[PDB]
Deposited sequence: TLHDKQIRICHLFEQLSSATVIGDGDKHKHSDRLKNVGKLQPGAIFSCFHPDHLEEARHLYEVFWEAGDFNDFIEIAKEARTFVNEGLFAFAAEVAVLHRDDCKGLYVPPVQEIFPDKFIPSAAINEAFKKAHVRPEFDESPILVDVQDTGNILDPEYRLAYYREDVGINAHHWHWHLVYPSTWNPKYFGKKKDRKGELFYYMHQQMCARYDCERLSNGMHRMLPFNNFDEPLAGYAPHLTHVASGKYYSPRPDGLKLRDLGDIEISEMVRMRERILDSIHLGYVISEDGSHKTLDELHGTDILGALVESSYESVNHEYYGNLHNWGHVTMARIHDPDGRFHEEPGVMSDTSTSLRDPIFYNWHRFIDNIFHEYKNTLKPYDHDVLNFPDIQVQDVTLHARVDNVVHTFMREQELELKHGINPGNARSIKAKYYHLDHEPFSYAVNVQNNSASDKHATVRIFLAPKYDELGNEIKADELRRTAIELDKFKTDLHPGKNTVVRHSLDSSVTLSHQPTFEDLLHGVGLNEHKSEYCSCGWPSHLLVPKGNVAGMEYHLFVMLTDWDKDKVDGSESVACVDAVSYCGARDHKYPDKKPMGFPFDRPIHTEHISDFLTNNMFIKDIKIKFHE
């Protein structure tokens, strides 16, 4: 954690733009976080970096490898290294939007400051969400804490419930996007499940200064076609083999034997073979579905390379959320997991009820009570480390707090985990969204431990303490819970809502912490990012109580005593 070490790490990712089997991908080219060949070389470099004898040696071969290796590859590999090396514990890694400002700021803005029009598509209304600097940044960091190439034996340690977190992090990005479509009066996103459908287009307007090239645009009307490395009918075959297994209740291992998709580990098993991580039980049979969709959608404009055009924004984790088809593709992937959760039996009163506890009231305090206000806000970005500043505007909300009045009818002190979620009340056509439909649109706002003393209790919690968000990201000139960069953007905690004020259900559930607790640095954004070197500190399935099918029609009829829904309104300006 010495400042000396931080400054040295800070120099490694300064103006970016034994090592035999590294240096296959060219400098200047756009690195793909999803293509198998690209990730294999990324693995080799972070393996060299973790094998390095000490911090003196790690900085040495690293300083050495960046002079000839691709800068995307190097950044990926160097961040996995800083994050997992014991000697690097305490050290931050500098903002990705500062390393490569050209992946977060428009091509025009970069051009308009190098040594110094009107809207025609409704999707532009949602650019505040998809093109947000912090959301794209988070997505980069999330995949580096949880990489698909992670080999648990090599590193001597497991990433707990990584397959289940792949599912949950991506289900939440989709659920949060839909709250933004409905906020803007639009329908919920449809899944790209017929692979013969023509895709809608997107032009990213992002240059790749390192070579004077760009992330290739996608016109409207192209349909997925076979690339040299994969055929589309092979992806249809992977989807069918997975649904098969989901409906049978078991998965077939490489040795031909049957692993069962039980309630404990089934989501994790399935997450490992759908994304396709190293931990997949049978890669030759189930494939690499999620990651091959990213690749075929990213190179759809040049399936076989003859045009020598770079991939689209879908090939990178720092830019894929910008593209509207990211959500179509991930709602299709979320449907695979949703088809599995539906084979699970609805929770019983016993698993939901926390018996002597009764939540009596919930109030959101914020200028006007039970109303949250959002607006746009400017921020600058320093471009001199990856040029000087560039201003942009993002969604932000006003600070708020929750006041939950609990009644502990026990004669002793209980310990509870307060679970807070937010879900829209109506759809864009004024209809009440039924209980089961809410499962797909409920976003996690918080999860924290509280102590309940007998009788009346009033739990106060502040929006800034949210277990979903990153509370701090120090700039490059700052470096010259803690030190990790994963976490949802604070300014994007709740949705935009509209000018009249949109209705949202604020759900609060209190469960028994002595049943949820599992046995720690970087728990700032625990919900979405987990904890460093520790297993996920909640035994309940991610998204509880919304992951299994709810058979009641209205969600208020689903409520037990330890649950409460307060209807609030989010208003924009």
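Stretches of the deposited sequence left without coordinates are 18-32, 132-150, 421-427, 522-530, 570-573, 628, in sequence order.
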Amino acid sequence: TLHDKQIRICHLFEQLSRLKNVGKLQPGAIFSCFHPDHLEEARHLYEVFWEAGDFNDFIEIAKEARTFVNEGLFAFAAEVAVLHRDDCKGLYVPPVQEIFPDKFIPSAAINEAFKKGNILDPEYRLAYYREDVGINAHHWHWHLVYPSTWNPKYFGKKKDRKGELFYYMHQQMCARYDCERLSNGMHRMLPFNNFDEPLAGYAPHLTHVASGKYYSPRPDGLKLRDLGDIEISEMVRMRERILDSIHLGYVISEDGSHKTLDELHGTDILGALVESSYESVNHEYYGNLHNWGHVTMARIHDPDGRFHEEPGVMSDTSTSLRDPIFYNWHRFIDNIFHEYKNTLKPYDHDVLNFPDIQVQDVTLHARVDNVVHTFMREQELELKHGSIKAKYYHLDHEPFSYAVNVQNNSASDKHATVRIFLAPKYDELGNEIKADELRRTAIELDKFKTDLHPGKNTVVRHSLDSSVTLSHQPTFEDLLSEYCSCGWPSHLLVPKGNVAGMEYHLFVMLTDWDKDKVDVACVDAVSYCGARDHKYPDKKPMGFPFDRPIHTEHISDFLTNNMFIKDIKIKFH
From here on, numbers count along this sequence of modelled residues.
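Per-stretch averaging of Cα B factors for 208-216 and 338-346 places 208-216 on top.
Of the two stretches examined, 165-173 and 77-85, the record assigns the greater average C-alpha temperature factor to 77-85. For the set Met542, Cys529, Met509, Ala65, the PDB entry assigns the largest Cα B-factor to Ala65. The maximum CA B-factor among the listed residues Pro495, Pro424, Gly156, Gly266, taken from the PDB record, is found at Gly156. Annotation for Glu309: CA B-factor lies in the middle third of the chain's modelled residues. In the deposited entry, the Cα temperature factor of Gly201 places it in the lowest third of its chain's modelled residues. Residue-level temperature factors show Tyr536 in the lowest third of its chain, judged at the C-alpha atom. When the CA B factors of the chain's modelled residues are split into thirds, the value for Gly455 lands in the highest one. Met297: CA B factor in the lowest third of modelled residues in this chain (values from the PDB entry).
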